[PDB]
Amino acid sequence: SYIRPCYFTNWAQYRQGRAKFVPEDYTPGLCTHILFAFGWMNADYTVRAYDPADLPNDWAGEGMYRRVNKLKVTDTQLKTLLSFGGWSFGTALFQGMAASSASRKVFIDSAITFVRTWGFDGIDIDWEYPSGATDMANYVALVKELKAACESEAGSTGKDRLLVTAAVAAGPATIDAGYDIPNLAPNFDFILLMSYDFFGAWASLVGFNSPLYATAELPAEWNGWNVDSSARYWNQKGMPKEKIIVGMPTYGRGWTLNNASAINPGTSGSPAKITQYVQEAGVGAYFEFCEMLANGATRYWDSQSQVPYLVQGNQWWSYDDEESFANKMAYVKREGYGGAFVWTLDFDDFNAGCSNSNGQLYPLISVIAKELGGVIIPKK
């Protein structure tokens, strides 16, 4: 069976209007696993909730942990994992936590207790990123000792052991500097390959967020910065294909063009205008792009990289859609990878609110559910 994870983000509930996303917007069968972004860590390496609203309390109610895990009542095949780390979390705390057997044990024991208390079936590590020989060996030890402690807890209690996964870098330099892949593979149930964010508004080069392959439209120095190169790289370095879960974005990345008459991939720009709901310069959600198209933006298909882009005046957006998801699912099956995961549930048109919707909940993620899972996600 293909593995079909999806990231839930606990901050999407703070978006306005049609963009507000809560666990009850999930629909059964959409994912095989939900990864909860994010759990947090104290200075002493014990774990805690990132957002006080994750926990049951007077002002939040049941809390996001309980609301996500309640989804298993109506989706009995669903498993959940708590993801520790992420971009904002940074590296310093991971570097300290991973430094010794004793420091790792504090975190490991605390994380196992915490996920059992709050009803998760696994621990996902999103350290961005281990870097250098010290981090590399400490990360190997962390994942090995975490799996071992999960095996020990399972034998002690008689329960199925917690899963151990990680969201991992896709760029060759970052992979080389931080990941000892042959010594990591035995101890992961699977990895979430972050095969996206290859080009973006941190730089002036206009390119694709998640091109499936390279294009000669972009400079040759970036020929490894695409989904297929990153998946091949992990496999060649020793990760079995069945453990490589290909990353799928439901957001896009965009630029304000330096010259509105120069619209080719490989042109130059600054960040796109901030979008209404995401409120982050240079990114936007699928349910924003659908309205841009309805409002007259011109859509192009890049045949080498196998992803769309759109142009609206001086705004140029790389994004993903049903068509690019479908071709990427054909790729996953043809190349034998273990599945595909989504960042995020909340950037798809989760409520079928797009003006051009045919009623389909989750038009993008539904492609994964159908092509990899045989699941037909309903219309609203």
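The first residue of the shown sequence is 1; numbering continues from there.
S.K.: Report the stretch with the higher mean CA temperature factor, choosing between 130 to 138 and 195 to 203 on the basis of the entry.
M.R.: Mean B over CA atoms: larger for 130 to 138.
S.K.: Comparing 308 to 316 with 342 to 350, where is the mean C-alpha B-factor higher?
M.R.: Per the PDB record, 308 to 316.
S.K.: Of the options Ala214, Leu184, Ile263, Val283, which has the highest CA B factor as deposited?
M.R.: Of the candidates given, the C-alpha B-factor peaks at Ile263.
S.K.: From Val246, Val168, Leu82, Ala173, can you pick the one with the highest C-alpha B factor in the entry?
M.R.: The record points to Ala173.
S.K.: Could you look up the Cα B-factor of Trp40 in the entry and say which third of the chain it sits in: lowest, middle or highest?
M.R.: It belongs to the middle third of the chain when residues are ordered by C-alpha B-factor.
S.K.: Using only modelled residues of the chain, where does the Cα B factor of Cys6 rank: lowest third, middle third or highest third?
M.R.: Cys6: CA B-factor falls in the lowest third of its chain.
S.K.: Comparing against every modelled residue in the chain, figure out the third that the C-alpha B-factor of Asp160 lands in (lowest, middle or highest).
M.R.: Top third by C-alpha B-factor.
S.K.: Please say which third, lowest, middle or highest, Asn327 falls into when its CA temperature factor is compared across its chain.
M.R.: Lowest third, going by the recorded CA B-factors of the chain.
S.K.: Could you say whether, by C-alpha temperature factor, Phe114 belongs to the lowest, middle or highest third of its chain?
M.R.: For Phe114, whose C-alpha B-factor we compare with every modelled residue in the chain, the answer is the middle third.
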